[PDB]
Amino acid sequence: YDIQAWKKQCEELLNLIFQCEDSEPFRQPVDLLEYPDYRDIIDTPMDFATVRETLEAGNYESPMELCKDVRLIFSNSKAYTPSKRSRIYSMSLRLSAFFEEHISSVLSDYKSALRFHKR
């Protein structure tokens, strides 16, 4: 029933993601000195520190907004990868599976709580 519970749930999920070794390439913005043409392919950079900071600033209204930004981290990795077998891309697929497995109940509980609020 709690319309605000998603925020702490997302904080705890981001804590789990930061503990995951697979998140290391995604914890901070992609370095343009390491990948000079990054912005020629990727229009909207995103990373987990920017997601956490947006959440902690009170700049997400719902877990769907957070989920859209986290998914952008993974679609950027898929768009920039030179191969479907690359190391960083392979790490993003596992991390995406972990994130989707955990965010599902957060989204369901929030949407259910909001429907109850507007009943």
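The term rigid core refers to the maximal set of C-alpha atoms that superpose within 1.5 Å between the two forms. Residues carry their position along the shown sequence, with the first being 1.
- The rigid core fit leaves 28-36 as the farther-lying stretch in 8 other deposited structures of this protein, judged by Cα positions and set against 88-96 and 28-36.
- Averaged over structures and residues, the CA distance from the shown form in 8 other deposited structures of this protein after a core fit is larger for 76-84, of the two stretches 76-84 and 40-48.
- If you average the C-alpha B-factors over 14-22 and over 91-99, the higher value belongs to 14-22.
- In this crystal structure, the stretch out of 33-41 and 76-84 whose C-alpha atoms carry the higher mean B factor is 33-41.
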